[PDB]
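Enquirer: First, the structure itself, so that you have it in front of you.
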Amino acid sequence: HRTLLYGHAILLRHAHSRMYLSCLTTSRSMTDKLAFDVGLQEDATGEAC
Amino acid sequence: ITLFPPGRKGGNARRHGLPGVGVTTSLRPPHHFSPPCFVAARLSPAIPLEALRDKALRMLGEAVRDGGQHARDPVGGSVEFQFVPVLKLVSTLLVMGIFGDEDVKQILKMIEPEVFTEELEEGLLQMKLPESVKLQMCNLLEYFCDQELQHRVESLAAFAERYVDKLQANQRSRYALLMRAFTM
Amino acid sequence: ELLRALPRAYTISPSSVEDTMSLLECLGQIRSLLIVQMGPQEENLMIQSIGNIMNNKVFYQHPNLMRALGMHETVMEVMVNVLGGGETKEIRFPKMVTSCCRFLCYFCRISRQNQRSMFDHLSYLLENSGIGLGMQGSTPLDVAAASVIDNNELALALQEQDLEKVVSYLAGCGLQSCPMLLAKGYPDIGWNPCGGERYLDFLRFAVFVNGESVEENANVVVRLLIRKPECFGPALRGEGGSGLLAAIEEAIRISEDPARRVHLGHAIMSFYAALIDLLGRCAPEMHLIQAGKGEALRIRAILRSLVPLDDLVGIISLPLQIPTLXXXXXXXXXXXXXXXXXXXXXXXXXXXXXXXX
Amino acid sequence: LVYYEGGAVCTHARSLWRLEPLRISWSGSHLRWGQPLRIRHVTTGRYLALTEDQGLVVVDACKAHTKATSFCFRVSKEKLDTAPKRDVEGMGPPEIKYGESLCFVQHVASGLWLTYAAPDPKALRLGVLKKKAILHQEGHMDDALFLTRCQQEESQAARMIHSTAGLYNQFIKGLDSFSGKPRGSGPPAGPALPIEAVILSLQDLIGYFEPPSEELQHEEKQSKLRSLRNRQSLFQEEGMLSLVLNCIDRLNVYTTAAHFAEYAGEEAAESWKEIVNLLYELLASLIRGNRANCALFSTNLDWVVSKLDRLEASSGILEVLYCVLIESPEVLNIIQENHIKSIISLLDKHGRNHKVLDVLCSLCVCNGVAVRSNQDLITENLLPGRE
């Protein structure tokens, strides 16, 4: 167990679905330029996690 | 322009010489005085400077004689009142650069008579001073040191020019002969 | 003492000494006038002295003597003394600020090792430039831009925090309107494009040097730019506007109707073209970073996300109406079409299908 | 109304609080947590109170009751045991320790904490933060009331400030009592005028700000100069400088004051000249040596120039004008032309005096710069007429 500090990247994993929270490219468009949704992905093999 | 003055007797040489010599050829603008049209932008009023230059060095000798006499009454009521303003005028005239080699001569001797040009007298440095007269003397000594530094700079520049010309000619000789010849 | 005094020593060739006398008399006049309380006669003689010392032609040949004489510091202290105070104190004595700014710009443009030295004053010039705009003429922003022109070193070397100052000034100009144009004949249009175009030009000069953009400065200005949405136009940020086509046609409609010597639509389109051009130079360069390193991919994705594709095609499809045979030079202009064609061949490129249109 | 302010207010004498325990005997005992105490602001002379509609407001001592005015000091908001009251004769253990107290206000009658409102308005954001303190049940977590006392001789000055303000205020009220009515035989006014207390306070205040002696050593001279500068700064901030001019105007309106001070009747004809001279001396002692106080005289240049009165106080206004000219160069930009004419006419009316010549010398070449406009104006005013 390592203590969290400010400025440190963290990883979130869902308890029920065992998936990792991340940002997605395609999103519903209100203020369409600055609008990206957030959702789960199965494998944490990306930068968005 | 020479670093040391022209040395007699060969090996025995290196006399320092007297500071404040007009041989320096620096680059400074003229004064541009204007006549006192007294109209009632414009430049400073004109006064004949040579009479002041004589009157200052003269009254300087009169004041140093009066100081050597140790009179019970001073010229201005106190020794500093008789010594400060004439020294201020002399320092201003020396800074403005009007004083020639002969004029700087015997002013420098009134500063100190014992060492000066050669193959009693009491100098202003040797007499007791009431203080606040000493500051003008220090200013004069600083002016003399500045003159010495300027003379050093001019001599260094002249030697630099002649040495760099000789070495330019030497480099041209080195590249001309040899190299090009291309013995290969 | 001789070691310390030798940097001041300089040696000049004969047959050119009279012009050196003229330079020395002019600099002595400035040095004597440095202590005099400021006034119109003093500013007139100082303007005449600067104009005479510009045309000496010794300034042409030897910059080392000009650097050793400390003339630039003297003129800089003159500008400090005159400029210091409030905004109305900055517009007090409005002339002769342009003269010193032009002199410093030309001194920067003379040669290297001068621009290194003017560079040290970048921060002070920057926070004097914001209030120092005033009327049209030479400004400290021009001097600051001239300090970084065409130098790979200097820019990229020492630009730590000044970019943040420039983008914050841009954001401050984004909100609210300047009163000096509102006073005489204005529709009270908020967010004036006259305030901000100079900042965008300075940013463009900072990011793009000698034909290739610098990656680090581009990334820093990208981040501080995107951190505040108000710097971009309210069409881009607000949902009332739509891209650039609605804003451009709005500028055309304002230019068409006398009401709703500066043309407001021309200034709006100049601001938008400057922003588009700045984003165009700020794209990753030559696509050789993009082939193997994902930072350029992320940056190009963000700059793709700000500007939608087919908006520039719609802009270039919009007709300017050519008077031919012309007319006003302050209209739609055939000089900003290259700005819209600069963000297309850097962050969009051409495949084969769009080539038809 | 109390506010929450941060900045230059900490050095100023607006932020002062004094705790008064309810028990008169052994009032200087060590402060115990939970014990009732009242908060006093010495310069304003008012006590903190809850009231009903206004909230945390300072009120006079006569209208203040004991339930609202009483406050205490609790380490924790959660309600402890209900028996803190205990009479001790000795000092006892120190319950409250300085530097790490972190205590809470906890008004005792309502039992409702008064941390701060925290409004956070969109309006006034550029402006320095300022929050009106009113009560919240739950309160906040970041109050951080750590105790750091540092009154020192500064606190002493504060009390005198309060005292002198009241006296001067009452005196001006007496002026505003009697100026309208033209006096006849008999008593002019009922409450009368407190002359001797005013004169004694003026003399003590003049003596309080004496410049340090030249014969002292350098370190001691610098220390006294710094202490005098700080005391003059706070005395200016609290607002005595405008109060002096307010006192001067109402006496200055009366001109000769032979029969004009008989509008007050007797007891004022013997004290008029002394009071106006002492007020000018106190003003001159207060302004001297501080650049900010002299720079604040920019609007009052016409006030100090236009008087030049014949009899009451000559060379006292001149000292203030000399100090204004020597200390602050900002005044020299607004000297104008008629003021030079007035200063020169002072030479002709009041005779030859070296102080007016020194004032004219100080009009030019202040600091390193030299103002040409004043030079040419003095020169054109010094006409070729040799009078």
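By order of appearance in the structure tokens: chains A, B, ..., then residues from 1 within every chain, and ligands from 1 in the order shown.
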Can you list, as a ChimeraX atom specification, every protein, DNA or RNA residue that comes within 12 Å of residue C:145 when you count only C-alpha atoms, leaving out same-chain residues fewer than 5 positions away?
Expert: /C:101,104-106,108-109,115,118-119,121-122,125-126,129,138-140,150-151,154-155,198-209
Enquirer: Select, as a PDB file with N, CA and C atoms, in the first residue's frame, those residues of chain A with any atom no more than 10 Å from chain C (distances computed using only C-alpha atoms).
Expert:
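Output contents, as saved in out28.pdb:
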```pdb
ATOM      1  N   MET A  30     -23.191  18.679 -26.682  1.00  0.00           N
ATOM      2  CA  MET A  30     -23.582  19.990 -26.187  1.00  0.00           C
ATOM      3  C   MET A  30     -22.305  20.695 -25.761  1.00  0.00           C
ATOM      4  N   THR A  31     -22.123  21.934 -26.223  1.00  0.00           N
ATOM      5  CA  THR A  31     -20.801  22.562 -26.330  1.00  0.00           C
ATOM      6  C   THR A  31     -19.820  21.570 -26.963  1.00  0.00           C
ATOM      7  N   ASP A  32     -20.099  21.299 -28.244  1.00  0.00           N
ATOM      8  CA  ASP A  32     -19.638  20.078 -28.905  1.00  0.00           C
ATOM      9  C   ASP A  32     -18.119  19.963 -28.935  1.00  0.00           C
ATOM     10  N   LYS A  33     -17.414  21.089 -29.068  1.00  0.00           N
ATOM     11  CA  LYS A  33     -15.955  21.042 -29.089  1.00  0.00           C
ATOM     12  C   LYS A  33     -15.403  20.583 -27.745  1.00  0.00           C
ATOM     13  N   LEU A  34     -15.884  21.177 -26.659  1.00  0.00           N
ATOM     14  CA  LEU A  34     -15.469  20.795 -25.309  1.00  0.00           C
ATOM     15  C   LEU A  34     -16.493  19.860 -24.667  1.00  0.00           C
ATOM     16  N   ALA A  35     -16.638  18.668 -25.246  1.00  0.00           N
ATOM     17  CA  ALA A  35     -17.587  17.691 -24.709  1.00  0.00           C
ATOM     18  C   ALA A  35     -17.113  16.286 -25.059  1.00  0.00           C
TER      19      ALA A  35
END
```
Enquirer: Using only C-alpha atoms and a distance of at most 10 Å, pull out the residues of chain D that contact chain C, as a ChimeraX atom specification.
Expert: /D:365,368-373
Enquirer: Write a file of the selected residues as a tab-separated table (two decimals), in the first residue's frame, keeping N, CA and C atoms.
Expert:
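The file below, part_11.tsv, is the result:
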```tsv
chain	number	residue	atom	x	y	z
D	365	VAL	N	14.33	72.93	-8.19
D	365	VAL	CA	15.43	71.96	-8.11
D	365	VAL	C	15.21	71.08	-6.88
D	368	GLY	N	16.67	65.35	-7.69
D	368	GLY	CA	17.60	65.50	-8.79
D	368	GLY	C	17.09	66.36	-9.93
D	369	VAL	N	15.79	66.29	-10.21
D	369	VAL	CA	15.22	67.05	-11.33
D	369	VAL	C	15.08	68.52	-10.96
D	370	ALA	N	14.99	69.36	-11.99
D	370	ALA	CA	14.76	70.79	-11.82
D	370	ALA	C	13.56	71.19	-12.67
D	371	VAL	N	12.55	71.78	-12.04
D	371	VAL	CA	11.34	72.21	-12.73
D	371	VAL	C	11.60	73.58	-13.34
D	372	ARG	N	11.53	73.66	-14.67
D	372	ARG	CA	11.82	74.91	-15.36
D	372	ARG	C	10.69	75.93	-15.22
D	373	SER	N	9.43	75.46	-15.14
D	373	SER	CA	8.30	76.38	-15.10
D	373	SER	C	8.34	77.26	-13.86
```
Enquirer: Quick check: residues of chain B within 8 Å of chain C, only C-alpha atoms, returned as a list in words.
Expert: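 Selected residues: residues 27, 28, 29, 149, 153 and 157 of chain B.
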Enquirer: Find the residues around stretch 140-145 of chain D up to 8 Å (only C-alpha atoms counted), leave out those fewer than 4 positions away in its own chain, and share them as an NGL selection string.
Expert: :D and (101-104 or 115)
Enquirer: Separation of atom CA of residue C:286 and atom CA of residue C:212, in Å?
Expert: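 Between atom CA of residue C:286 and atom CA of residue C:212 the gap works out to 8.5 Å.
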Enquirer: Can you tell me which residues surround residue B:90 at a distance of at most 9 Å, considering only C-alpha atoms, apart from same-chain residues fewer than 5 positions away, and format the answer as a count of residues only?
Expert: 6
Enquirer: Could you go through stretch 156-198 of chain C and tell me which residues DSSP, when run on the backbone, assigns to alpha helix (DSSP H), listing them as an MDAnalysis selection string?
Expert: chainID C and resid 162:174 179:182 197:198
Enquirer: Save the residues we just selected, C-alpha atoms, as a PDB file, in the first residue's frame?
Expert:
```pdb
ATOM      1  CA  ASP C 162       6.046  35.443 -20.277  1.00  0.00           C
ATOM      2  CA  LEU C 163       3.683  33.408 -22.488  1.00  0.00           C
ATOM      3  CA  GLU C 164       1.331  33.040 -19.511  1.00  0.00           C
ATOM      4  CA  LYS C 165       1.372  36.831 -19.165  1.00  0.00           C
ATOM      5  CA  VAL C 166       0.485  37.265 -22.847  1.00  0.00           C
ATOM      6  CA  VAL C 167      -2.381  34.743 -22.801  1.00  0.00           C
ATOM      7  CA  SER C 168      -3.745  36.275 -19.580  1.00  0.00           C
ATOM      8  CA  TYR C 169      -3.658  39.717 -21.225  1.00  0.00           C
ATOM      9  CA  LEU C 170      -5.468  38.181 -24.205  1.00  0.00           C
ATOM     10  CA  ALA C 171      -8.109  36.732 -21.865  1.00  0.00           C
ATOM     11  CA  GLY C 172      -8.518  40.129 -20.205  1.00  0.00           C
ATOM     12  CA  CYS C 173      -9.070  41.696 -23.621  1.00  0.00           C
ATOM     13  CA  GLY C 174     -11.571  38.937 -24.420  1.00  0.00           C
ATOM     14  CA  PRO C 179     -13.704  52.762 -23.801  1.00  0.00           C
ATOM     15  CA  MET C 180     -11.510  54.736 -26.208  1.00  0.00           C
ATOM     16  CA  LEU C 181     -13.309  53.484 -29.332  1.00  0.00           C
ATOM     17  CA  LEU C 182     -16.712  53.417 -27.599  1.00  0.00           C
ATOM     18  CA  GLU C 197      -4.579  41.081 -32.524  1.00  0.00           C
ATOM     19  CA  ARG C 198      -1.180  42.445 -31.461  1.00  0.00           C
TER      20      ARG C 198
END
```
Enquirer: Using only C-alpha atoms, which protein or nucleic acid residues come within 10 Å of residue C:44? Drop anything in the same chain fewer than 5 positions from it, and give the result as a JSON list (two decimals) with N, CA, C and O atoms, in the first residue's frame.
Expert:
```json
[["chain", "number", "residue", "atom", "x", "y", "z"],
["C", 39, "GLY", "N", 9.12, 68.03, -20.66],
["C", 39, "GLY", "CA", 8.33, 69.08, -21.25],
["C", 39, "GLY", "C", 8.26, 69.01, -22.76],
["C", 39, "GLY", "O", 8.96, 68.22, -23.40],
["C", 49, "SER", "N", 17.06, 65.11, -31.68],
["C", 49, "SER", "CA", 18.33, 64.44, -31.40],
["C", 49, "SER", "C", 18.30, 62.97, -31.81],
["C", 49, "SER", "O", 19.26, 62.47, -32.41],
["C", 50, "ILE", "N", 17.21, 62.26, -31.51],
["C", 50, "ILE", "CA", 17.10, 60.86, -31.91],
["C", 50, "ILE", "C", 17.05, 60.74, -33.43],
["C", 50, "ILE", "O", 17.72, 59.88, -34.01],
["C", 95, "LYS", "N", 3.49, 61.64, -27.77],
["C", 95, "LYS", "CA", 4.55, 61.53, -28.76],
["C", 95, "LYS", "C", 5.86, 61.18, -28.07],
["C", 95, "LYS", "O", 5.97, 61.18, -26.84],
["C", 96, "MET", "N", 6.86, 60.81, -28.89],
["C", 96, "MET", "CA", 8.24, 60.50, -28.52],
["C", 96, "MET", "C", 8.33, 59.14, -27.82],
["C", 96, "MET", "O", 9.43, 58.61, -27.63]]
```
Enquirer: Skip residue D:112 itself and residues of its chain fewer than 4 positions away, then list as a list in words all residues within 10 Å of it, counting only C-alpha atoms.
Expert: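 Final neighbour list, sorted by chain and number: residues 77, 105, 106, 107, 108, 135, 136, 137, 138 and 139 of chain D.
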Enquirer: Kindly provide, as a PDB file with C-alpha atoms, in the first residue's frame, the residues of chain D having any atom no farther than 12 Å from an atom of chain B, counting only C-alpha atoms.
Expert:
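The result, stored in selection_25.pdb:
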```pdb
ATOM      1  CA  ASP D 376      10.936  81.068 -15.199  1.00  0.00           C
ATOM      2  CA  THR D 379      12.327  84.970 -12.660  1.00  0.00           C
ATOM      3  CA  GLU D 380       9.507  86.834 -14.427  1.00  0.00           C
ATOM      4  CA  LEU D 383      10.934  91.944 -12.114  1.00  0.00           C
ATOM      5  CA  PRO D 384      13.875  94.139 -13.210  1.00  0.00           C
TER       6      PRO D 384
END
```
Enquirer: Give me the residues near residue B:150 as a list in words, where near means some atom within 12 Å (using only C-alpha atoms) and where sequence neighbours in that chain fewer than 2 positions away do not count.
Expert: residues 1, 3, 19, 20, 21, 22, 23, 24, 25, 26, 27, 143, 144, 145, 146, 147, 148, 152, 153, 154, 155, 156 and 157 of chain B; 1, 2, 5, 6, 8 and 9 of chain C
Enquirer: Output N, CA and C atoms of each residue in that selection to a file, as a short mmCIF file (atom, residue, chain, number, x, y, z; two decimals), in the first residue's frame.
Expert:
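Result file is selection-v9.cif:
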```cif
data_model
loop_
_atom_site.label_atom_id
_atom_site.label_comp_id
_atom_site.auth_asym_id
_atom_site.auth_seq_id
_atom_site.Cartn_x
_atom_site.Cartn_y
_atom_site.Cartn_z
N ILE B 1 52.95 57.83 -29.43
CA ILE B 1 52.66 57.91 -28.00
C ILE B 1 53.42 56.78 -27.33
N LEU B 3 54.89 54.63 -23.84
CA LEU B 3 54.45 54.17 -22.53
C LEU B 3 55.15 54.93 -21.41
N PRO B 19 52.13 63.58 -14.48
CA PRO B 19 50.80 63.40 -15.05
C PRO B 19 50.21 64.71 -15.55
N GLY B 20 49.19 64.58 -16.40
CA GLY B 20 48.53 65.73 -16.97
C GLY B 20 49.29 66.33 -18.13
N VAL B 21 49.73 65.48 -19.06
CA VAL B 21 50.47 65.92 -20.24
C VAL B 21 49.54 65.89 -21.44
N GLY B 22 49.52 66.99 -22.20
CA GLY B 22 48.61 67.17 -23.31
C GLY B 22 48.91 66.35 -24.55
N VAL B 23 49.84 65.40 -24.49
CA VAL B 23 50.18 64.60 -25.66
C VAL B 23 49.04 63.67 -26.07
N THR B 24 48.07 63.44 -25.18
CA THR B 24 46.97 62.54 -25.47
C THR B 24 46.08 63.11 -26.57
N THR B 25 45.61 62.22 -27.45
CA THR B 25 44.86 62.61 -28.64
C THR B 25 43.46 62.01 -28.63
N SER B 26 42.76 62.14 -27.51
CA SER B 26 41.45 61.53 -27.36
C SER B 26 40.41 62.31 -28.17
N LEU B 27 39.14 61.94 -28.02
CA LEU B 27 38.07 62.44 -28.88
C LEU B 27 36.95 62.99 -28.00
N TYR B 143 41.68 63.22 -10.27
CA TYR B 143 41.83 63.75 -11.63
C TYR B 143 43.19 63.38 -12.22
N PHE B 144 44.25 63.50 -11.42
CA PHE B 144 45.58 63.15 -11.89
C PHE B 144 45.69 61.66 -12.21
N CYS B 145 45.09 60.81 -11.37
CA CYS B 145 45.07 59.38 -11.64
C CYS B 145 44.30 59.06 -12.92
N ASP B 146 43.20 59.79 -13.16
CA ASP B 146 42.46 59.62 -14.41
C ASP B 146 43.30 60.00 -15.62
N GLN B 147 44.09 61.08 -15.49
CA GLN B 147 45.00 61.47 -16.56
C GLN B 147 46.04 60.37 -16.83
N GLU B 148 46.58 59.79 -15.76
CA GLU B 148 47.55 58.70 -15.90
C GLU B 148 46.93 57.50 -16.61
N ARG B 152 47.98 55.81 -20.23
CA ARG B 152 48.22 54.38 -20.37
C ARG B 152 47.37 53.79 -21.50
N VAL B 153 46.10 54.20 -21.57
CA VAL B 153 45.19 53.68 -22.60
C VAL B 153 45.68 54.06 -24.00
N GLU B 154 46.08 55.32 -24.19
CA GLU B 154 46.56 55.75 -25.50
C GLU B 154 47.83 55.01 -25.91
N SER B 155 48.77 54.84 -24.97
CA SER B 155 49.99 54.11 -25.30
C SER B 155 49.70 52.66 -25.66
N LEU B 156 48.79 52.02 -24.91
CA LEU B 156 48.40 50.65 -25.21
C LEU B 156 47.77 50.54 -26.60
N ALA B 157 46.90 51.50 -26.95
CA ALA B 157 46.25 51.48 -28.26
C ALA B 157 47.27 51.64 -29.39
N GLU C 1 42.09 48.23 -12.36
CA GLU C 1 41.35 49.35 -12.94
C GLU C 1 41.50 49.39 -14.45
N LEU C 2 42.70 49.10 -14.96
CA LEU C 2 42.91 49.03 -16.40
C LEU C 2 42.11 47.88 -17.02
N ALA C 5 38.50 49.09 -17.16
CA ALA C 5 38.27 50.19 -18.08
C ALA C 5 38.43 49.80 -19.54
N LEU C 6 39.09 48.68 -19.83
CA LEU C 6 39.34 48.29 -21.21
C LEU C 6 38.08 47.96 -22.03
N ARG C 8 35.42 49.66 -22.08
CA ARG C 8 34.95 50.96 -22.56
C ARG C 8 35.81 51.51 -23.70
N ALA C 9 37.06 51.07 -23.81
CA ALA C 9 37.94 51.59 -24.84
C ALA C 9 37.56 51.05 -26.21
#
```
Enquirer: Rounded to one decimal, what separation in Å do you get between atom CA of residue C:196 and atom CA of residue C:271?
Expert: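 Taking atom CA of residue C:196 as the start and atom CA of residue C:271 as the end point, the length is 7.5 Å.
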